Q: 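Okay, handing you the structure first.
Just so it is clear: chains get the letters A, B, ... in the order the sequence lines come, proteins before strands, and each one is counted from 1.
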Amino acid sequence: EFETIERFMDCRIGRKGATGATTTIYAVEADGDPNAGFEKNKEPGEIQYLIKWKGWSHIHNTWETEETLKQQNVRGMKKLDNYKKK
Amino acid sequence: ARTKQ
Amino acid sequence: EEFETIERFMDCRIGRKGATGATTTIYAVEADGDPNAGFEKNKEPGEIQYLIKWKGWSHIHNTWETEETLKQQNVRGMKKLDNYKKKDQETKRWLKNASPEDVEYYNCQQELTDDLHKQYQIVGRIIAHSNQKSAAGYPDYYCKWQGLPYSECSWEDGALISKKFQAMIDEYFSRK
Amino acid sequence: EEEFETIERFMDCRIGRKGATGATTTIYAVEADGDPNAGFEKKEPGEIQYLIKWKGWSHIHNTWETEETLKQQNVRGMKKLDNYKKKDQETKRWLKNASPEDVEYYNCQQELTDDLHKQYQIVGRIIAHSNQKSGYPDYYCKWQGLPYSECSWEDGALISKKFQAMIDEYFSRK
């Protein structure tokens with residue numbers, strides 16, 4: 001059961017930890033946003049990517065990071081570095 | 001979130 | 001090591017000496033009373049104070065200050081006090097006579113903007129909240145202000161806006 | 001040492017025709033010679049442009065600009081550009097999953113807001129007039145929707161081309 005990346009929708013620098021399940025739009029509306037009022041008075045400074053997963057509609061899109069993406073062993077890592085210059 | 005303190 | 005910065009000068013007034021600083025914000029006044037309460041119902045002059053809109057703070061955080069508190073707090077934007085005072089003088093100078101209708105227009109058109117500015121302090125709609133909660137159990141809220149576009153929304157202490165806008169809060173959670 | 005111009009506030013951003021920015025974008029220029037972004041479609045390139053309210057100039061002098069034009073002119077107060085973008089990306093973001101209700105409220109507010117900003121370029125009343133002259137005296141104007149602390153001196157030839165009525169009324173006031 002290897003999740004898969006179908007697209008890189010967005011990018012941003014956000015609080016460290018504002019990634020994963022807690023960043024789905026429905027989780028954010030129910031539990032609040034873990035990225036809240038973030039600026040660079042902090043790192044938490046991570047460059048995170050808004051990912052659109054394979055087999056799931058956009059409401060399931062989550063913000064991830066490389067260790068995070070790697071840590072899970074997701075497929076489609078090719079499109080990662082491909083996005084990392086574009 | 002800060003306030004006049 | 002922060003400092004603050006003057007963004008805009010709103011009103012001007014003569015009030016009780018010492019009625020300046022944090023204790024003069026709308027919420028500090030609604031919670032602990034105005035330190036200029038009685039004022040001028042005969043009271044020894046005042047001190048000319050200025051209502052200040054601070055860079056990086058929404059209008060609810062506006063505070064009255066004197067040219068001295070400003071210099072003491074060593075704030076940036078001091079040049080603004082000079083332009084404000086000069087513009088204020090240029091304005092007063094064309095009251096030479098004016099027609100009573102010119103004064104009539106001025107006082108009216110100045111009551112409209114007066115009210116306008118008051119609205120920047122009331123929450124027109126809560127739009128999101130924080131995942132983290134204060135030790136008191138309050139999350140922070142992202143507020144949309146009346147009379148101001150969405151690029152003016154700001155995150156705010158939840159215990160703060162609850163004291164006056166517990167309603168938008170309830171309406172926010174109610175819409176889910 | 002040289003002259004700079006400095007950003008006071010970001011009024012808006014749009015996608016516009018390349019080159020459709022700077023001093024040919026002021027509404028008085030647009031009214032006079034036309035809109036450099038008039039055509040603009042999709043048909044041709046795109047350029048993110050920011051409407052700018054300048055320090056020391058009334059709203060009629062607002063011009064559309066790009067991150068590049070700002071730097072070519074040495075404009076100051078750019079740190080304000082970073083925050084605006086950030087904020088904007090954030091809301092276009094939010095706009096993705098916003099309730100149908102929330103989106104509607106969003107549109108009604110920006111409509112109203114946009115109307116107010118339009119008023120700032122309208123002379124609500126002429127309150128004085130210099131007597132220097134190059135035959136057009138300068139006028140001290142009171143702007144619609146704005147406090148008297150925002151009155152400003154403006155070239156007479158320019159204000160008359162659109163607010164003649166406002167200056168004839170001023171003189172009938174004696």
Q: So, taking the atom named SG in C143(C) and the one named CD1 in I122(C), what distance separates them when rounded to the nearest 0.5 Å?
A: 11.5 Å
Q: In terms of heavy-atom proximity below 4.5 Å to chain C, should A27(A) be classed as side chain, backbone, both, or neither?
A: neither
Q: For the pair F9(C) and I52(C), evaluate side chain to side chain contact (heavy atoms under 4.5 Å, CB included) and give the outcome as yes or no after the intermediate values.
A: CA-CA 5 Å; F9(C) 275 91; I52(C) 288 129; 4.2 Å; yes
Q: For the atom pair CD1 (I48(C)) and SG (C12(C)), what is the distance rounded to the nearest 0.5 Å?
A: 5.0 Å
Q: Could you walk me through whether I60(C) and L160(C) pass side chain to side chain contact (heavy atoms under 4.5 Å, CB included), step by step?
A: CA-CA 10 Å; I60(C) 46 165; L160(C) 186 284; 4.0 Å; yes
Q: Under 3.5 Å, which donor-acceptor pairs link chain A and chain C? Put them in a table for me, please.
A:
residue	atom	partner	partner atom	Å
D31(A)	O	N131(C)	ND2	3.4
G32(A)	N	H129(C)	NE2	3.4
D33(A)	N	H129(C)	O	3.1
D33(A)	O	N131(C)	N	3.4

Q: Going by heavy atoms in the side chains, are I5(A) and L80(A) under 4.5 Å from each other?
A: no
